[PDB]
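Residue strings, one per chain:
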Amino acid sequence: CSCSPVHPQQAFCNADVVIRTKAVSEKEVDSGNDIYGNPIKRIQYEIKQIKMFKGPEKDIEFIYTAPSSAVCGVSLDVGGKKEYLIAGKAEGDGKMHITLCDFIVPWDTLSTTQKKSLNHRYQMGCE
């Protein structure tokens with residue numbers, strides 16, 4: 001989608017599952033073509049789970065995102081990044097939804113506004 005990632009705060013207020021997990025493995029699961037005839041594809045995120053700031057109690061060792069370098073996500077392979085607090089609307093437990101336009105960072109980047117939001121449970125009426 002080549003969306004534009006921003007909201008250095010509205011990202012942690014929109015998400016619903018912040019976990020500093022680490023995506024090392026994935027799963028190329030087709031998702032059919034889009035409205036452009038192009039293949040969707042929603043590569044998985046067989047992370048290893050290292051942290052779970054906000055979200056469920058178990059964890060989402062299997063997240064969902066877009067393939068390639070990152071069209072609708074951050075495409076994390078760990079071997080290129082490390083770990084991320086991946087925080088998005090989520091999809092429940094054991095699996096959620098995360099996109100580039102959505103709140104997602106390798107953690108080792110944030111800046112502050114994202115950290116101050118890391119303290120909050122889940123959108124503590126921040127802004």
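Residues numbered from 1 in each chain as written, not as in the entry; some residues may be left out. Heavy atoms only, no water.

In terms of determination method, the entry is listed under solution NMR.

By the naming in the PDB entry, the protein goes by TISSUE INHIBITOR OF METALLOPROTEINASES-2 and is assigned to Homo sapiens. In UniProt, the protein has this text filed under Function: "Complexes with metalloproteinases (such as collagenases) and irreversibly inactivates them by binding to their catalytic zinc cofactor. Known to act on MMP-1, MMP-2, MMP-3, MMP-7, MMP-8, MMP-9, MMP-10, MMP-13, MMP-14, MMP-15, MMP-16 and MMP-19." Entered under Subunit in the UniProt record, the comment concerning the protein runs "Interacts (via the C-terminal) with MMP2 (via the C-terminal PEX domain); the interaction inhibits the MMP2 activity." (UniProt positions renumbered as here; feature names shortened; annotations may be inferred.)

**Student:** Lay out the UniProt feature "binding site: Zn(2+)" in the protein in plain terms, naming residues and giving numbers.
**Tutor:** Taking the UniProt record as the reference, the feature "binding site: Zn(2+)" is found at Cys1. Counting through the fold element by element, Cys1 comes out in the segment before β1 (44-46). Overall, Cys1 belongs to the partly exposed group, its relative accessible area being 48%. (Helix = DSSP H or I, 4+ residues; strand = E, 2+ residues; numbered from the N terminus. Buried < 20%, exposed > 50% of the residue type's maximum accessible area, 1.4 Å probe, protein only.)

**Student:** Requested: an account of the UniProt feature "domain: NTR" in the protein, with residues and values cited.
**Tutor:** According to UniProt, the feature "domain: NTR" maps to residues 1-126 in the numbering used here. Counted over residues 1-126, helix gives 3% and strand 5%. Its end C-alpha atoms are 27 Å apart.

**Student:** Help me get a handle on the pattern of salt bridges, residues and values and all.
**Tutor:** Enumeration over the complete set of coordinates arrives at 4 salt bridges. For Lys82, the salt bridge identified is with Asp108, shortest N-O distance 3.5 Å. Residue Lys82 is found in the loop between β2 (62-64) and α1 (116-119), and its partner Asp108 is found in the loop between β2 and α1; the two are separated by 26 residues along the sequence. Given the relative accessible area of 26%, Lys82 is considered partly exposed. When its relative accessible area of 56% is taken as the criterion, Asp108 is described as exposed. (Salt bridge = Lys/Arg side-chain N within 4 Å of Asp/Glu carboxyl O.)

**Student:** Can you explain the packing of aromatic side chains? Please cite residues and give values.
**Tutor:** Following the criterion strictly, the structure yields 3 aromatic pairs and no others. A centroid spacing of 3.3 Å and a plane angle of 25 degrees characterise the contact between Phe12 and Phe103, whose relative ring orientation is stacked. Of this pair, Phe12 sits in the segment before β1 while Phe103 is found in the loop between β2 and α1, placing the two residues 91 residues apart along the sequence. With respect to burial, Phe12 and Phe103 carry one shared label: buried. (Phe/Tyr/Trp six-rings, centres within 6.5 Å; stacked < 30°, edge-to-face > 60°.)

**Student:** Quick rundown of the state of the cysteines? Include the residues and the values.
**Tutor:** Enumeration according to the criterion identifies 3 disulfides in this entry. The disulfide partner of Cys1 is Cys72, and the S-S distance across this bridge is 2.0 Å. Here the residue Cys1 occupies a position in the segment before β1, and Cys72 occupies one in the loop between β2 and α1, the gap between them amounting to 71 residues. Judged by relative accessible area, which is 22%, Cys72 ranks as partly exposed. Each bonded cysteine in the protein gets a number by its place in the sequence, and the pairs come out as 1-4, 2-5, 3-6. (Disulfide = S-S within 2.5 Å.)

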